[PDB]
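These notes concern the structure reproduced below.
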Amino acid sequence: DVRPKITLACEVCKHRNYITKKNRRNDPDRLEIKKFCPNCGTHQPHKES
Amino acid sequence: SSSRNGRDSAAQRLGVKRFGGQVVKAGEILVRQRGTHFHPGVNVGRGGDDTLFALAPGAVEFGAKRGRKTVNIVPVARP
Amino acid sequence: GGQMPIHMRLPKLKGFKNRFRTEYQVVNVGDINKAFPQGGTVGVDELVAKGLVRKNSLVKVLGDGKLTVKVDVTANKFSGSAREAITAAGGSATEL
Amino acid sequence: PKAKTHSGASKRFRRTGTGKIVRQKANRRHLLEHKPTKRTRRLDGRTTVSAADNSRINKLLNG
RNA sequence: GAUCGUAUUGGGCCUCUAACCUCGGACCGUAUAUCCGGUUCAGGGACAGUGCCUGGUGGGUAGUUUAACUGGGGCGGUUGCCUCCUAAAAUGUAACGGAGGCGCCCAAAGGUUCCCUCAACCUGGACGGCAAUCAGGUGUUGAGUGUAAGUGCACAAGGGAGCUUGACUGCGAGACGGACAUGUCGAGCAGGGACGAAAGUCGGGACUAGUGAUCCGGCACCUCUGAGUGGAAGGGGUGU
RNA sequence: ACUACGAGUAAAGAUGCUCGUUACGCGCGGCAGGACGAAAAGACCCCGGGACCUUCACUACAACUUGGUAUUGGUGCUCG
RNA sequence: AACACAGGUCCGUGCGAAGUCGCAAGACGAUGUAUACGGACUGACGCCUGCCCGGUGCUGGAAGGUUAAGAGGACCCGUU
RNA sequence: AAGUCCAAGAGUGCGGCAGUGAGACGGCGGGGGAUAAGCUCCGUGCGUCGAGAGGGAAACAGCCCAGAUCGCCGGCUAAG
RNA sequence: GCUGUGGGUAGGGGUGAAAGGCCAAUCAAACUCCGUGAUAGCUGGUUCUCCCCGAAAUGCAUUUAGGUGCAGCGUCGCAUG
RNA sequence: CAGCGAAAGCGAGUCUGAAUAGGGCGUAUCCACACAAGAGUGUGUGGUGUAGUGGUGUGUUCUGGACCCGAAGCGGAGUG
RNA sequence: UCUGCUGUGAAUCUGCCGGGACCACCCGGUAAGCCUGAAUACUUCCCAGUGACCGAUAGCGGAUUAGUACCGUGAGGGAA
RNA sequence: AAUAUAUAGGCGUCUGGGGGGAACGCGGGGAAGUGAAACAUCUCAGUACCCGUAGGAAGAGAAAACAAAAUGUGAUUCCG
Ligand SMILES: [Mg+2]
Ligand SMILES: [Mg+2]
Ligand SMILES: [Zn+2]
């Protein structure tokens, strides 16, 4: 699988906002990324679920 | 008694769509192309996949600039 | 001819039907104005007499046309525009 | 014998206030990750059934 | 946490007879009866057989499926997508015609700001040599661009560094292409951000492959519905 | 139908078409070169559909079989 | 030159047998009883019939692994 | 910008009813083949046959002239 | 061994010293009636007249290639000229 | 004879959306006048005003053997 | 909700059953006993009539010896 | 009777049944060709056929029913 499908949720309201792909062998850790979260209405940090 | 060939892709219908002198609206696709065989001129933009599209109404005009082939839109006047 | 037919290769239309839907038969203030030049009380009985709505249905009144007569309307439901237009001409929008 | 309406056609197609026949667009149920949002946004909503399919769609809907 | 009596409850074992069984004997219905039923003796015995539920073996039987293309069929080979030639200087164009590639990869190889110019050759240099690292000169594109081929790119889309997540949400005038279903580009508006002094650029990657309609179902969220009513189950919407 | 031959032409092997050559009308007995002679909507080959046969093709079923429960009960040891 | 055949070997069957025809009762086998009956292969007679139990069957054994229904109802949820 | 314009019986949009989806040869540009085939696969505001009679090529769908509303015991021509 | 008379076995069944043999001149599953006017992307046939117009044998898809759907090309009506 | 929306619902509007900010669908159609724009025209005031339905002829079509003829074969019950 | 087979197996009205899983409340009814006309379906047969139904290859297979002659072992087929 | 109670069984007498019928009813068993452009779920179709039984008709029928807050209907059957 090597490059699986991950889903990123807003850290505040825990809404699954985005789905993307990452190399698990290169990035064994969860992906920290700042993304726009609609209901929060502002850019909040996101973490892989 | 068999060939290793025989497979091909579809034609992508590239080429010039509006030739010199034609009147276009804003946003019309003027030429579909792979590279920058034609470069954008005045009031002409460049798409992600390298198609040139009009940015403003007028009449298409081809030209050159420092050895580069360009496409421009000429502001046709009021009636 | 064998390929996936048009009715099978498209998504089904979204949603459900809600069999508990309350459906109304609607009449506009313009039609009331045309049909009642002299004004007067206007209920469901005379609204079906002048042939404006169906016989034994639920009537809601909508504010499309112009109302220029004094009229006393009674109906199951009224829209905001219809109620304002009836009231402005000195009429009552009595709701059943 | 009465004429029976096609069930799939009834579930897939609807009509507007003037008689336009209306359908939905495909390629949207799943595998949505690699589809960009621009392509996703042109694939929703409704579109008018193309003039080629008008006759057959009307036949299936009426009887 | 280990032991005994009061209780129920199941498992295992050996028995017992009264259910049930016996094509074991004898008497009767019966004059004729190797049927049948009854009486009784002799044995098995809560097993077997049978009903319902359940797992296995099951060509013994049954209904069927077992692709198309094709210089006849079979065997061989192929089937979707991308690039070039054939293709006759717009577009399109066939053959079991000529050559290749794909079913990925990158958390930076994306966004932005700023700076830079390769390959090759000549000369001189400790190991060091044709070719490692250093210096000077000639060098306009012959290097390189994640990956095929073509069109591009030196104004750089090629090389380097700082910051960063737009690899956004709601949309979208106008177009290309098209049997249809698919597919493609897009200025610009709002929100909320990155970079930048600013102008401005940013809805992934120089571009074109890297994929799968519908049905059916899973998960998360929503100010939708809820079969007398309040809930709920189920169903809807949005994302996947 | 008062149904010649040759060299050609034609759906590529002509009594019937072209140019020529030959031949009085009608029968009888014979021979089998042609009328792609007669008979049988090719059995070969292919395409579509059957049927029957096979098997570690698929899905089922009879049959055989496993356990639970009912018909089904009692006294004793023994384990939980 | 095929089938059968007398002769051979193996397998099954302890007796309303095994096998078979029948949903069953019943029947044949047989008014027989392993020197009998059924199935399979070989085919008078003579000399003989070699090696392999991995595959797939058949027979025997459960110490493990997996495994249905039925027993069991911890925990959770809806209602109030 | 004109031309044709009491016609091409032209284009475009919608609707009722279709048939077709086995093409052939000839001229030019090509592929496959041996730069063979009355071969095969393509391009062509190219043609004809198909669906087309009449004249010529002796006969001779696809070549050349020429598109048959009917009659005439009139004339002029095309290819030949 | 042949044979006469009488009787028995029935269709996915019988019978077969085994040939796919025989079971009323037919047997790789008899015959009759019924389901039934089976189905057939295939072959054949489809009957009076004249007037006007007049094709296609191409593209895409196809368990598809001798079938079919949509488009292309015909006709009739309406609109636009 | 009112439409829009998955729906609650609202209604000449409605859905999406944070949006008087764009878009989708709808308000028969035309005419005149203003306001804006020449991103293709839009928005407002007036008028004129909206056509369906029921019989029946015709062409297609649906369900029925469905324009007519034609298999090999498949089931049920019986006769040999 | 109704209902077949196999198990398990309740209460007599503050009971029990239905209001599309289920729970609470309200509503409706009172299962495990039995009878019942008319409105509805059909014509072997009898009587009286009708037809923009056939007129002897039609109409029933049968206007005449008709289920006759004939065919088949039989079921059955079946005329002029 | 075996066998004691007795029962099975035996003997005598009265009352019924049995078979046929074109359609229609009720209750049971229950196909396949066919369609799905293949086929098994599905369809054909509870059809064809078969079995038991009636009657002049049969079946069903007098709420453990509908309904939805209406101070609403009130057995069954059949028709739109
Ligand atoms: Mg390859
Ligand atoms: Mg072994
Ligand atoms: Zn959030």
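Following the order of the structure tokens, first chain is A, next is B, and so on, with residues numbered from 1 inside each chain and ligands from 1 in the order they appear.
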Taking only C-alpha atoms (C1' of nucleotides) and all ligand atoms into account, list the residues no farther than 10 Å from ligand 2, as a PyMOL selection string.
chain G and resi 53-58
What would the file look like if the residues just selected were written as a PDB file, in the first residue's frame with N, CA, C and O atoms (P, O5', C5', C4', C3', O3' and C1' of nucleotides)?
```
ATOM      1  P     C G  53       7.637 -46.182  -0.965  1.00  0.00           P
ATOM      2  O5'   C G  53       6.198 -45.579  -1.245  1.00  0.00           O
ATOM      3  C5'   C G  53       6.031 -44.194  -1.506  1.00  0.00           C
ATOM      4  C4'   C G  53       4.767 -43.664  -0.887  1.00  0.00           C
ATOM      5  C3'   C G  53       4.637 -43.873   0.620  1.00  0.00           C
ATOM      6  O3'   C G  53       4.000 -42.739   1.197  1.00  0.00           O
ATOM      7  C1'   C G  53       2.793 -44.836  -0.474  1.00  0.00           C
ATOM      8  P     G G  54       4.859 -41.667   2.022  1.00  0.00           P
ATOM      9  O5'   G G  54       5.135 -40.503   0.974  1.00  0.00           O
ATOM     10  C5'   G G  54       4.057 -39.826   0.353  1.00  0.00           C
ATOM     11  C4'   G G  54       4.534 -38.707  -0.534  1.00  0.00           C
ATOM     12  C3'   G G  54       3.447 -37.998  -1.323  1.00  0.00           C
ATOM     13  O3'   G G  54       2.752 -37.028  -0.566  1.00  0.00           O
ATOM     14  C1'   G G  54       5.205 -38.554  -2.773  1.00  0.00           C
ATOM     15  P     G G  55       1.156 -37.111  -0.442  1.00  0.00           P
ATOM     16  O5'   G G  55       0.651 -36.936  -1.939  1.00  0.00           O
ATOM     17  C5'   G G  55       0.919 -35.746  -2.665  1.00  0.00           C
ATOM     18  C4'   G G  55       0.181 -35.725  -3.977  1.00  0.00           C
ATOM     19  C3'   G G  55      -1.280 -36.126  -3.911  1.00  0.00           C
ATOM     20  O3'   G G  55      -2.104 -35.043  -3.520  1.00  0.00           O
ATOM     21  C1'   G G  55      -0.220 -37.228  -5.727  1.00  0.00           C
ATOM     22  P     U G  56      -3.276 -35.242  -2.441  1.00  0.00           P
ATOM     23  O5'   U G  56      -4.333 -36.146  -3.198  1.00  0.00           O
ATOM     24  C5'   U G  56      -4.953 -35.698  -4.391  1.00  0.00           C
ATOM     25  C4'   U G  56      -5.782 -36.795  -4.996  1.00  0.00           C
ATOM     26  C3'   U G  56      -6.608 -37.591  -4.004  1.00  0.00           C
ATOM     27  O3'   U G  56      -7.826 -36.957  -3.674  1.00  0.00           O
ATOM     28  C1'   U G  56      -5.438 -39.072  -5.407  1.00  0.00           C
ATOM     29  P     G G  57      -8.684 -37.481  -2.428  1.00  0.00           P
ATOM     30  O5'   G G  57      -9.499 -38.708  -3.022  1.00  0.00           O
ATOM     31  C5'   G G  57     -10.023 -39.705  -2.166  1.00  0.00           C
ATOM     32  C4'   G G  57     -10.041 -41.051  -2.836  1.00  0.00           C
ATOM     33  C3'   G G  57     -10.340 -42.229  -1.932  1.00  0.00           C
ATOM     34  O3'   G G  57     -11.728 -42.396  -1.724  1.00  0.00           O
ATOM     35  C1'   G G  57      -8.496 -42.734  -3.337  1.00  0.00           C
ATOM     36  P     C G  58     -12.352 -42.290  -0.254  1.00  0.00           P
ATOM     37  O5'   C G  58     -12.168 -43.750   0.338  1.00  0.00           O
ATOM     38  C5'   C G  58     -12.666 -44.880  -0.360  1.00  0.00           C
ATOM     39  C4'   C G  58     -11.941 -46.135   0.045  1.00  0.00           C
ATOM     40  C3'   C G  58     -11.767 -46.340   1.538  1.00  0.00           C
ATOM     41  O3'   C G  58     -12.921 -46.870   2.162  1.00  0.00           O
ATOM     42  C1'   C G  58      -9.719 -46.745   0.450  1.00  0.00           C
TER      43        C G  58
END
```
Using only C-alpha atoms (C1' of nucleotides) and all ligand atoms, find each residue with an atom at most 6 Å away from ligand 3 and format the answer as an NGL selection string.
:A and (10 or 12-13 or 15 or 37 or 39-40)
Quick one, how far is atom CA of residue B:36 from atom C1' of residue E:210?
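Straight-line distance from atom CA of residue B:36 to atom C1' of residue E:210 works out to 24.2 Å.
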Proximity of chain B to chain J: per-residue shortest pair, 8 Å limit, only C-alpha atoms (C1' of nucleotides), as JSON lines:
```
{"residue": "B:25", "atom": "CA", "partner": "J:40", "partner_atom": "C1'", "distance": 7.3}
{"residue": "B:26", "atom": "CA", "partner": "J:39", "partner_atom": "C1'", "distance": 6.9}
{"residue": "B:57", "atom": "CA", "partner": "J:39", "partner_atom": "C1'", "distance": 7.6}
{"residue": "B:78", "atom": "CA", "partner": "J:38", "partner_atom": "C1'", "distance": 7.4}
```
Export N, CA and C atoms of the chosen residues as an mmCIF file, in the first residue's frame?
```cif
data_model
loop_
_atom_site.group_PDB
_atom_site.id
_atom_site.type_symbol
_atom_site.label_atom_id
_atom_site.label_comp_id
_atom_site.auth_asym_id
_atom_site.auth_seq_id
_atom_site.Cartn_x
_atom_site.Cartn_y
_atom_site.Cartn_z
ATOM 1 N N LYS B 25 -15.240 36.438 -27.370
ATOM 2 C CA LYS B 25 -15.653 36.926 -26.064
ATOM 3 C C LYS B 25 -14.546 36.674 -25.051
ATOM 4 N N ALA B 26 -14.730 37.207 -23.853
ATOM 5 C CA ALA B 26 -13.757 36.974 -22.801
ATOM 6 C C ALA B 26 -13.813 35.519 -22.359
ATOM 7 N N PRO B 57 -12.824 40.981 -24.474
ATOM 8 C CA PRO B 57 -13.402 40.910 -25.815
ATOM 9 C C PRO B 57 -12.557 41.660 -26.827
ATOM 10 N N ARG B 78 -16.444 50.585 -30.468
ATOM 11 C CA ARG B 78 -17.891 50.635 -30.397
ATOM 12 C C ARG B 78 -18.481 50.675 -31.805
#
```
I need the helix (DSSP H, G or I) residues of chain D per DSSP on the backbone, written as an mmCIF file with N, CA and C atoms, in the first residue's frame.
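And here's out_30.cif as it stands now:
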```
data_model
loop_
_atom_site.group_PDB
_atom_site.id
_atom_site.type_symbol
_atom_site.label_atom_id
_atom_site.label_comp_id
_atom_site.auth_asym_id
_atom_site.auth_seq_id
_atom_site.Cartn_x
_atom_site.Cartn_y
_atom_site.Cartn_z
ATOM 1 N N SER D 7 -39.554 1.968 -14.181
ATOM 2 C CA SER D 7 -39.193 2.306 -12.806
ATOM 3 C C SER D 7 -37.853 3.028 -12.734
ATOM 4 N N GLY D 8 -36.843 2.517 -13.439
ATOM 5 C CA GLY D 8 -35.541 3.162 -13.414
ATOM 6 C C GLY D 8 -35.579 4.554 -14.006
ATOM 7 N N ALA D 9 -36.293 4.715 -15.117
ATOM 8 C CA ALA D 9 -36.417 6.037 -15.717
ATOM 9 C C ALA D 9 -37.124 6.998 -14.777
ATOM 10 N N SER D 10 -38.183 6.532 -14.110
ATOM 11 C CA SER D 10 -38.875 7.386 -13.153
ATOM 12 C C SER D 10 -37.942 7.818 -12.035
ATOM 13 N N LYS D 11 -37.111 6.900 -11.544
ATOM 14 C CA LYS D 11 -36.209 7.228 -10.450
ATOM 15 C C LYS D 11 -35.031 8.086 -10.883
ATOM 16 N N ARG D 12 -34.678 8.079 -12.167
ATOM 17 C CA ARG D 12 -33.516 8.827 -12.634
ATOM 18 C C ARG D 12 -33.842 10.197 -13.213
ATOM 19 N N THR D 37 -11.463 19.439 -6.488
ATOM 20 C CA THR D 37 -12.731 20.055 -6.122
ATOM 21 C C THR D 37 -13.363 20.783 -7.298
ATOM 22 N N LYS D 38 -12.553 21.312 -8.219
ATOM 23 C CA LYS D 38 -13.116 21.968 -9.393
ATOM 24 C C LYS D 38 -13.889 20.981 -10.255
ATOM 25 N N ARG D 39 -13.354 19.772 -10.427
ATOM 26 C CA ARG D 39 -14.056 18.753 -11.198
ATOM 27 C C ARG D 39 -15.248 18.204 -10.428
ATOM 28 N N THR D 40 -15.127 18.112 -9.105
ATOM 29 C CA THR D 40 -16.251 17.687 -8.278
ATOM 30 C C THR D 40 -17.408 18.674 -8.348
ATOM 31 N N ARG D 41 -17.116 19.970 -8.402
ATOM 32 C CA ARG D 41 -18.148 20.994 -8.402
ATOM 33 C C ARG D 41 -18.876 21.117 -9.733
ATOM 34 N N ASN D 54 -33.859 12.747 -25.637
ATOM 35 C CA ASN D 54 -35.147 13.305 -25.243
ATOM 36 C C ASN D 54 -36.291 12.361 -25.590
ATOM 37 N N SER D 55 -36.276 11.807 -26.801
ATOM 38 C CA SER D 55 -37.386 10.975 -27.250
ATOM 39 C C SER D 55 -37.487 9.691 -26.436
ATOM 40 N N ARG D 56 -36.370 8.987 -26.270
ATOM 41 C CA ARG D 56 -36.398 7.732 -25.532
ATOM 42 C C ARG D 56 -36.703 7.961 -24.062
ATOM 43 N N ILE D 57 -36.169 9.035 -23.483
ATOM 44 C CA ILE D 57 -36.457 9.313 -22.082
ATOM 45 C C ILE D 57 -37.935 9.619 -21.894
ATOM 46 N N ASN D 58 -38.521 10.395 -22.809
ATOM 47 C CA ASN D 58 -39.949 10.671 -22.732
ATOM 48 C C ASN D 58 -40.764 9.397 -22.872
ATOM 49 N N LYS D 59 -40.367 8.515 -23.790
ATOM 50 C CA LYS D 59 -41.084 7.256 -23.944
ATOM 51 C C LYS D 59 -41.043 6.444 -22.660
ATOM 52 N N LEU D 60 -39.862 6.322 -22.055
ATOM 53 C CA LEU D 60 -39.744 5.544 -20.827
ATOM 54 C C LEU D 60 -40.542 6.176 -19.695
ATOM 55 N N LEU D 61 -40.574 7.506 -19.629
ATOM 56 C CA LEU D 61 -41.276 8.162 -18.532
ATOM 57 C C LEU D 61 -42.787 8.040 -18.678
ATOM 58 N N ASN D 62 -43.317 8.267 -19.881
ATOM 59 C CA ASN D 62 -44.764 8.203 -20.057
ATOM 60 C C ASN D 62 -45.276 6.770 -20.070
#
```
